[PDB]
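Chemist: Residue numbers (my numbering), protein chains in the order written: chain A, 7 to 452; chain B, 4 to 343; chain C, 6 to 133; chain D, 21 to 358; chain E, 18 to 74. C-beta atoms are modelled at their ideal positions from N, C-alpha and C, and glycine is treated no differently.
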Amino acid sequence: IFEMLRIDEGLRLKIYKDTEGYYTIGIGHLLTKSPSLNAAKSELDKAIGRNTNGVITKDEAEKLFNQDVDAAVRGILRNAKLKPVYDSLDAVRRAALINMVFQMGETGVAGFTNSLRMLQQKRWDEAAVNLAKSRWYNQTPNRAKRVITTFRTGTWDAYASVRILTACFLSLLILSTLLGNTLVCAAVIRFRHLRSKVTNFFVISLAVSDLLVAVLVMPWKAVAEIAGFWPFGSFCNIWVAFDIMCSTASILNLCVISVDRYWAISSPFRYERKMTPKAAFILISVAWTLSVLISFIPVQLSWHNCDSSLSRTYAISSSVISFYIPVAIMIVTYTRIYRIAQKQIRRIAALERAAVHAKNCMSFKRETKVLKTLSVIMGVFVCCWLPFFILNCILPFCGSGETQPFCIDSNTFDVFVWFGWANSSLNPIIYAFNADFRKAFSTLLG
Amino acid sequence: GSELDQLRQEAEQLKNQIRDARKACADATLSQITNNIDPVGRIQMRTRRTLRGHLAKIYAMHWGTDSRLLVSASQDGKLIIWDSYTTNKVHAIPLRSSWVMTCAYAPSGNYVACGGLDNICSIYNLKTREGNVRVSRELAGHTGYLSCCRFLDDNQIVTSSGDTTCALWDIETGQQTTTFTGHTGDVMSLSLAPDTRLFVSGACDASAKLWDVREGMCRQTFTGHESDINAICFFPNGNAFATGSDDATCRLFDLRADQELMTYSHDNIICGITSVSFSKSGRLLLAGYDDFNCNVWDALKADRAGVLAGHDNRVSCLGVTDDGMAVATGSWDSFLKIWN
Amino acid sequence: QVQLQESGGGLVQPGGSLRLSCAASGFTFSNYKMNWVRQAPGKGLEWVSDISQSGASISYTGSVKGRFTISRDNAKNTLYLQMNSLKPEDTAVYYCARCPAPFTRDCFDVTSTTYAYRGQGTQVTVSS
Amino acid sequence: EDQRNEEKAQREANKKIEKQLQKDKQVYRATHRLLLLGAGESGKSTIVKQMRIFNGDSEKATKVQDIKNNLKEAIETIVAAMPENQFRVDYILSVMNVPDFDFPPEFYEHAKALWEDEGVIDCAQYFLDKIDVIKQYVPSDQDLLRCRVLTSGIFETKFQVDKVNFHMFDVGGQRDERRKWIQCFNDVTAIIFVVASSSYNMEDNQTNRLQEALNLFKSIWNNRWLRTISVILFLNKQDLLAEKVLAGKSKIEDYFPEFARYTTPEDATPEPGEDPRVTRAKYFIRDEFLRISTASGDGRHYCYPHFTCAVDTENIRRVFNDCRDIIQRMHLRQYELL
Amino acid sequence: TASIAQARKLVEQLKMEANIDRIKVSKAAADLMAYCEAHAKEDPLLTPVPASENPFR
Ligand SMILES: Cc1cc(Oc2nccc3occc23)ccc1-c1c(C)c(=O)[nH]c(=O)n1C
């Protein structure tokens with residue numbers, strides 16, 4: 007198919023308001039008139055046929071894009087300047103010409119007379135050289151090199167680009183995640199000395215967790231990234247629960263391993279005595295119990311397609327029960343651990359200084375690595391999972407499309423969704439570089 | 004009355020006699036003879052079975068006469084008996100002392116000996132009592148940690164300790180039958196002869212000394228190495244043996260020649276020797292190092308026949324079976340490894 | 006065998022100097038940390054000096070620190086100790102001992118006179 | 021065929037012994053091992069163990085036990101070198117080298133007939149004539165002076181304090197050649213190394229055991245197989261090194277020239293009533309030991325200097341706190357957090 | 018005074034080690050090499066053994 011407008015404008019299945027502009031819906035479609043909020047819904051329903059309260063199906067967007075393209079080509083053919091170029095250039099450059107006629111209108115493309123004569127004379131390189139140094143490629147350079155390249159080369163390599171960049175960007179991530187996690191899942195069994203390590207009973211769980219994200223959560227939102235249309239109807243209702251579960255499992259396994267490290271550092275005797283494999287496994291399982299108690303509650307609290315946020319009393323509460331308290335208690339445990347580490351670095355430095363005092367007839371260098379190795383884990387965790395939650399707790403409070411708080415629209419929020427999801431890929435690089443893990447991974451590649 | 008002076012002069016003349024005797028008996032070397040023989044087949048064995056179970060570091064073992072049973076002792080204070088075929092440990096037995104250093108399996112398969120820092124050789128009736136193995140004997144101590152005890156029959160054993168004195172015992176009466184007091188360092192390794200009429204002990208004196216179970220004296224002596232001898236083993240003929248010490252080399256000493264023969268070492272090795280063995284024929288010499296790796300050498304061309312690696316820790320012991328089928332090894336990572 | 010022969014010694018008035026030497030054979034002298042060991046009549050064995058495998062660490066006993074000078078030649082396989090400012094409390098028999106472990110920094114040479122890597126030392130006294 | 025049931029019985033024995041050995045591993049992983057060397061008496065480890073704990077019985081039990089073995093050994097060695105004493109001597113020969121049997125009450129009745137026969141160790145005639153003194157007893161001095169028991173190999177004591185199992189052991193009766201038996205100590209949690217100062221020295225022998233202690237500590241610290249274990253270093257004879265220093269009565273300056281220009285650290289905590297001239301010397305030795313401890317430290321093993329206090333109840337507390345610090349530092353090095 | 022017992026018991030121990038006939042290496046190594054050359058067929062370690070003779074596979 008063409009889908010040239012699906013990458014420059016995007017498929018917005020819902021009506022989105024502007025700052026000062028009037029309401030719009032569909033694909034680059036300006037709902038004329040309608041100064042009131044209810045007035046644009048009537049226009050949408052009259053244009054779609056069905057009772058459109060704002061919800062437009064995936065095919066009605068294309069059906070309306072076809073009518074918009076028909077109106078645009080009629081307005082371009084009625085215009086005298088833009089008439090001969092249609093028959094001069096082939097169907098490939100017709101896409102770029104209709105794109106220009108739809109973006110700046112039929113009166114804007116007519117003002118480019120020299121480039122019009124260049125394209126009429128069947129000269130592509132000169133037309134590109136003339137159109138590059140213009141006020142059209144300086145204001146929107148992202149959509150420029152996508153249509154000048156198509157008009158110059160005359161093939162489909164200009165639009166294969168965005169699709170293939172995204173395809174590779176997600177494929178490398180998914181391969182890295184899945185393979186780097188299954189390597190740990192296989193090394194915890196294929197090697198013996200690493201199986202009898204109860205302190206790792208909480209890491210393997212994480213592995214399993216961060217692998218369920220890679221197989222059961224990643225591909226669905228991945229195939230949802232063509233241009234904004236997915237073959238999922240009522241399946242998102244069961245996929246959002248999958249995502250809540252797979253994110254809660256990891257968000258709580260991190261807290262479990264942090265509390266485990268705190269208990270192992272604070273009380274060594276009590277740790278090596280009261281930490282049995284049975285207690286370890288019940289600690290493994292309680293996090294998943296909470297994950298299924300928070301996620302798999304389909305009492306219609308999530309539906310209040312696939313493009314709206316969650317309920318207020320559900321989002322602001324699931325974030326507290328799933329993220330806020332875990333992150334707070336994790337900060338507490340790690341600061342206490344750092345305080346103990348400082349307490350003993352003090353004694354070690356005192357002994358070293360008293361021994362240097364033997365010089366009668368390196369100082370703060372360990373502090374750097376301590377703060378570094380704590381800040382790596384904690385800062386990676388928080389920078390990955392904190393903007394997502396502090397924005398998910400505030401965004402459902404947006405009425406219409408104008409507000410003073412963050413209230414950021416859906417594109418940057420989806421970017422942050424994937425940004426927070428990518429921390430599952432960094433789990434094993436931070437939690438699974440023991441020397442034994444390194445030897446196992448080196449043996450797995452030979 | 005100036006008797007000590009004449010005695011010392013006679014002793015010095017005697018000591019000088021052996022030098023000329025060995026110089027007259029050393030007309031050639033083994034390299035000049037083994038030039039015509041074709042090189043050894045390059046052999047790299049593989050780990051057929053791994054025997055897990057021990058909690059701490061193992062220290063010694065001994066192949067059974069049936070090429071199936073192994074006896075391994077760890078620092079956890081428990082000796083376990085293996086079945087190399089099924090990899091199925093038949094039973095374990097705890098100890099009175101947690102620190103054990105040497106094992107011994109009877110040639111008949113009836114008794115099992117244990118020694119360590121407890122200065123006590125504990126013999127156990129493996130097959131008697133009609134049930135769990137019981138403590139049969141606790142041989143008297145002699146101010147030295149047992150480094151190697153071996154069985155020549157079921158009626159008497161031979162032990163070596165760190166007091167620079169070996170002892171051939173009598174298990175029935177549980178007393179010292181013959182005492183051997185001809186060393187200046189810790190007596191570490193023993194190895195009986197095919198006829199069980201004599202043995203050679205390797206100690207920390209950088210010397211291997213041949214003894215005799217009958218008269219209880221030293222017939223010959225070998226002072227080739229540079230550091231503390233750790234392991235020793237007879238050529239399967241009773242006319243020569245091999246010694247391995249901390250100087251990172253293994254040396255072959257013949258009896259009828261009373262002189263060193265060949266030295267086995269490389270330049271890129273520094274790790275001392277921990278265990279030396281042969282094969283059934285005696286052409287391959289198996290030597291465990293401290294570089295977490297052991298090497299199979301040629302006992303006739305001093306060339307590294309191959310390497311045997313797979314232990315993440317230092318290897319502690321190694322032994323060949325009766326029919327030369329398997330080479331068991333054992334490292335301080337609680338792991339035995341059978342090779343073939 | 007591994008022989009270590011010591012030379013020198015003898016009678017000298019207190020306050021004088023005396024150099025003594027140790028010639029070792031039977032092993033690679035170049036790669037072994039060596040040292041000396043004194044024994045006073047009627048007293049246990051005592052430590053004085055140390056040489057690394059190259060001449061790096063030259064540890065002394067505080068009772069002789071900065072007074073005796075020790076060196077060695079790996080080419081000739083020899084090791085020398087020179088006592089300057091000899092005191093009447095240094096009258097003893099001196100042995101040339103060596104550490105057993107090749108390429109290591111651990112040593113266990115002082116014993117109850119059963120250590121094998123240590124030859125018969127030389128006698129040194131003072132006059133009156 | 022019939023081999024299947026045999027293989028399954030072998031597998032069942034395997035499962036039983038493995039179920040036992042899993043719990044044995046669980047137990048062994050929770051006991052911290054401590055090595056005590058330096059003193060010339062193993063009883064120094066039995067006193068501190070008697071302040072809490074089978075050691076609560078009187079010391080007469082062990083001494084009386086070392087009296088029931090001398091007679092057995094003598095009667096077994098005297099009759100082995102040779103009317104109706106066949107069945108009476110067969111039981112005695114079968115009771116030879118029996119650890120858990122010792123001497124039954126019916127053994128004296130069978131031994132008195134053999135001792136009364138006119139035909140029938142160095143000290144063997146004194147502990148054999150009074151074979152009728154058996155009771156339950158209360159030995160005399162002339163009997164303990166003649167008893168010569170062989171050197172006890174290793175004094176091994178496994179106790180449990182504060183809900184954690186400790187395994188403390190003293191190594192005695194061995195030779196002064198400490199080369200190949202120290203290797204057997206790698207799974208140990210700590211080596212408690214005790215040091216003494218000068219003695220009476222009055223006819224001064226002048227052995228200089230302190231420098232020998234430095235050399236042994238340098239050989240143990242820089243050992244290839246002891247690089248992960250830690251040393252808790254105690255300085256005994258703190259009272260003997262206090263009244264013997266004074267102002268010029270201690271020959272510590274003659275054995276260490278650096279002691280002259282040495283100063284007392286500012287972070288020191290002298291005991292209330294300690295003179296500066298003795299406090300400086302008391303800290304000089306720990307500074308000299310830490311000069312070796314602070315070097316070659318790869319963050320993998322440390323040292324814990326502590327002065328031997330008078331109250332025997334707080335040395336155990338020092339040891340316990342040091343073990344806690346050892347476990348903590350090991351765990352911090354595990355996660356690359358230190 | 019002088020220990021005329023430790024050194025007196027060693028002169029005969031040393032003299033008993035020199036009255037033994039010592040065969041030359043040219044003849045002591047022939048029958049030593051012939052042993053491992055004539056019994057190479059009995060040692061299965063000189064080549065890897067197949068599954069037909071390996072009780073460990
Ligand atoms: C807003 C949102 C949040 C989310 O993650 C969570 N939601 C609640 C609690 C949570 O705890 C951890 C993670 C997490 C997963 C999916 C979506 C979502 C998106 C991105 C969308 O485009 N359309 C849509 O309908 N939904 C529901």
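#1: What is the C-beta distance between residue 2 (chain B) and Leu-339 (chain B), in whole angstroms, given that I count them as a contact (C-beta under 8 Å)?
#2: Using DSSP bridges, identify the partner residues of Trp-241 (chain D).
#3: If you compare alpha carbons, which of D:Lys-271, D:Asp-110, D:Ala-81 is closest to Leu-134 (chain D)?
#4: With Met-251 (chain A) as the anchor, note down where its alpha helix (DSSP H) starts and where it stops.
#5: Helix, strand or coil: how does DSSP classify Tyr-165 (chain A) here?
#6: Heavy atom of ligand 1 less than 8 Å from the Cβ of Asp-415 (chain A), yes or no?
#7: Given a limit of 9 Å on CB to CB distance, which residues of the region 193–223 of chain B reach chain E?
#8: I need the boundaries of the beta strand (DSSP E) containing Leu-255 (chain B), first residue and last residue.
#9: Please classify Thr-53 (chain B): does DSSP put it in a helix, a strand, or coil?
#10: Any heavy atom of ligand 1 inside 8 Å of the beta-carbon of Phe-329 (chain A)?
#11: Please list the partners that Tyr-355 (chain D) has in chain A, where partner means a Cβ-to-Cβ separation under 7 Å.
#12: For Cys-323 (chain D), I'd like the list of residues in its chain whose CB is within less than 6 Å of its CB, leaving aside the five on either flank, ordered along the chain.
#13: Out of B:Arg-137, B:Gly-165, B:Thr-176, B:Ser-101, state which residue places its alpha-carbon closest to the alpha-carbon of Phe-175 (chain D).
#14: Given 8 Å as the limit, tell me if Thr-254 (chain A) has its C-beta closer than that to any heavy atom belonging to ligand 1.
#15: Under 9 Å between the Cβ atoms of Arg-72 (chain D) and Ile-336 (chain D)?
#16: State the Cα-Cα distance for the pair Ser-202 (chain A) and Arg-353 (chain D), rounded to the nearest angstrom.
#17: Do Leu-63 (chain E) and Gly-309 (chain B) have their C-beta atoms within less than 9 Å of each other?
#18: Closest to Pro-105 (chain C) by CA distance: which of B:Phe-225, B:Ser-230, B:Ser-268 is it?
#19: Run through DSSP, which three-state label would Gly-205 (chain B) get?
#20: Would you please verify whether the beta carbon of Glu-197 (chain D) is less than 9 Å from any beta carbon of chain C?
#21: DSSP three-state label for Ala-308 (chain B), please.
#22: Any chance you could list the alpha helix (DSSP H) runs of at least 4 consecutive residues sitting entirely within the region 245–283 of chain D, in chain order?
#23: Looking at C-alpha atoms only, which residue of D:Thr-177, D:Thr-248, D:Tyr-303, D:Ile-202 is the closest neighbour of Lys-64 (chain D)?
#24: So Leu-200 (chain A) packs on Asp-442 (chain A), CB below 8 Å; how close in whole Å?
#25: Any heavy atom of ligand 1 closer than 8 Å to the beta-carbon of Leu-56 (chain D)?
#26: Under a Cβ-count criterion, where at least 16 other Cβ atoms within 10 Å of its own Cβ denotes burial, should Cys-27 (chain C) be classed as buried or exposed?
#27: Less than 8 Å between the CB atoms is what I'm expecting for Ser-282 (chain B) and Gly-327 (chain B), so what's the real figure, rounded?
#28: Closest to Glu-408 (chain A) by C-alpha separation, out of A:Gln-73, A:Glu-9, A:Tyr-29, would be which residue?
#29: Is the Cβ-Cβ distance between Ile-400 (chain A) and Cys-413 (chain A) less than 9 Å?
#30: Around the C-beta of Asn-271 (chain B), are 16 or more other C-beta atoms found within 10 angstroms, so that it is buried, or is it exposed?
#31: Does the beta-carbon of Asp-313 (chain A), which I'm using as the reference point, lie nearer than 8 Å to any heavy atom of ligand 1?
#32: Using a beta-carbon distance below 9 Å, is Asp-315 (chain B) in contact with chain A?
#33: Which residues in the same chain have their Cβ closer than 7 Å to the Cβ of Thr-188 (chain A), if we skip the five residues on either side of it in sequence?
#34: Please list, in chain order, the chain D residues whose beta carbon lies closer than 9 Å to that of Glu-278 (chain A).
#35: Would you list the residues sitting across from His-94 (chain B) in a DSSP beta bridge?
#36: Helix, strand or coil, according to DSSP, for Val-28 (chain E) in the structure here?
Modeler: Reading from the atomic positions:
#1: No information on residue 2 (chain B) is available, as it lies outside the stretch 4 to 343 that chain B covers here.
#2: Residue mapping note: residue 241 (chain D) aligns to position 221 of the fourth sequence, counting from 1. Paired residue(s): none; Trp-241 (chain D) is not in a bridge.
#3: Residue 134 (chain D) sits at position 114 when you count from the first residue of the fourth sequence. The candidate whose alpha carbon is nearest that of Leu-134 (chain D) is D:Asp-110.
#4: Along the first sequence, one-based indexing puts residue 251 (chain A) at 245. Per DSSP, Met-251 (chain A) belongs to the alpha helix (DSSP H) from 242–272.
#5: Along the first sequence, one-based indexing puts residue 165 (chain A) at 159. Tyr-165 (chain A) falls in the coil class under three-state DSSP.
#6: As a working note, residue 415 (chain A) is residue 409 in the first sequence. Every heavy atom of ligand 1 is 8 Å or more from the Cβ of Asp-415 (chain A), so no.
#7: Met-220, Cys-221, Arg-222, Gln-223
#8: Position 252 of the second sequence, counted from the start, is the residue given in the question as residue 255 (chain B). 253–257 is the extent of the beta strand (DSSP E) around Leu-255 (chain B).
#9: The count along the second sequence starts at 1 and reaches residue 53 (chain B) at position 50. It is a strand residue.
#10: Indexing the first sequence from 1 puts residue 329 (chain A) at position 323. Answer for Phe-329 (chain A): yes, Cβ within range of ligand 1.
#11: Within the fourth sequence, residue 355 (chain D) is the residue found at index 335, counting from 1. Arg-267, listed in chain order.
#12: Taking the first residue of the fourth sequence as 1, we reach residue 323 (chain D) at position 303. Answer for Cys-323 (chain D): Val-251, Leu-253, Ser-313, listed in chain order.
#13: Walking along the fourth sequence from the start, residue 175 (chain D) turns up at place 155. Among B:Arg-137, B:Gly-165, B:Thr-176, B:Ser-101, the Cα nearest to that of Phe-175 (chain D) is on B:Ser-101.
#14: Within the first sequence, residue 254 (chain A) is the residue found at index 248, counting from 1. For ligand 1, at least one heavy atom lies less than 8 Å from the Cβ of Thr-254 (chain A).
#15: Residue mapping note: residue 72 (chain D) aligns to position 52 of the fourth sequence, counting from 1. Residue mapping note: residue 336 (chain D) aligns to position 316 of the fourth sequence, counting from 1. Yes. Within cutoff.
#16: For the purposes of this step, residue 202 (chain A) is taken as the residue at position 196 of the first sequence. For the purposes of this step, residue 353 (chain D) is taken as the residue at position 333 of the fourth sequence. Straight-line Cα distance between these residues: approximately 19 Å.
#17: As a first step, residue 63 (chain E) must be located in the fifth sequence, where it is residue number 46. As a first step, residue 309 (chain B) must be located in the second sequence, where it is residue number 306. Not closer than 9 Å, so no.
#18: Here the question's residue 105 (chain C) lines up with position 100 in the third sequence. For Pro-105 (chain C), the nearest C-alpha among the options comes from B:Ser-230.
#19: Taking the first residue of the second sequence as 1, we reach residue 205 (chain B) at position 202. Three-state DSSP puts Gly-205 (chain B) in a strand.
#20: In the fourth sequence, the residue the question calls residue 197 (chain D) occupies position 177. Answer yes: the Cβ-Cβ gap between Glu-197 (chain D) and chain C drops below 9 Å somewhere.
#21: Indexing the second sequence from 1 puts residue 308 (chain B) at position 305. Strand.
#22: 260–263, 272–275
#23: For the purposes of this step, residue 64 (chain D) is identified with residue 44 of the fourth sequence, where counting begins at 1. Minimum Cα distance to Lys-64 (chain D) is reached at D:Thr-177.
#24: Against the first sequence, residue 200 (chain A) aligns to sequence position 194. Against the first sequence, residue 442 (chain A) aligns to sequence position 436. Contact holds; Cβ gap of about 5 Å.
#25: On the fourth sequence, residue 56 (chain D) is found 36 positions in, with the first residue counted as 1. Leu-56 (chain D) Cβ: outside cutoff for every heavy atom of ligand 1.
#26: Position 22 of the third sequence, counting from 1, holds the residue named residue 27 (chain C). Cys-27 (chain C) is buried by the Cβ-count criterion.
#27: As a working mapping, residue 282 (chain B) is identified with position 279 in the second sequence. As a working mapping, residue 327 (chain B) is identified with position 324 in the second sequence. Confirmed, Cβ separation roughly 5 Å.
#28: In the first sequence, counting from the first residue as 1, residue 408 (chain A) sits at position 402. Closest by alpha carbon: A:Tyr-29.
#29: Indexing the first sequence from 1 puts residue 400 (chain A) at position 394. Indexing the first sequence from 1 puts residue 413 (chain A) at position 407. Yes, the Cβ-Cβ distance between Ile-400 (chain A) and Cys-413 (chain A) is below 9 Å.
#30: Within the second sequence, numbered from 1, the residue matching residue 271 (chain B) stands at position 268. Per the 10 Å Cβ criterion, exposed.
#31: Walking along the first sequence from the start, residue 313 (chain A) turns up at place 307. Correct: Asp-313 (chain A) has its Cβ closer than 8 Å to ligand 1.
#32: The sequence position of residue 315 (chain B) within the second sequence is 312, counting from 1. Output row for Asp-315 (chain B): interface = yes.
#33: The residue you call residue 188 (chain A) lines up with position 182 of the first sequence. Within the same chain, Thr-188 (chain A) has close Cβ partners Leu-217.
#34: In the first sequence, counting from the first residue as 1, residue 278 (chain A) sits at position 272. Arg-49, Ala-50, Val-184, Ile-347, listed in chain order.
#35: Here the question's residue 94 (chain B) lines up with position 91 in the second sequence. B:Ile-84, per the DSSP bridge assignment.
#36: Numbered from 1 along the fifth sequence, position 11 holds the residue referred to as residue 28 (chain E). Of the three classes helix, strand and coil, the one that applies to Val-28 (chain E) here is helix, per DSSP.
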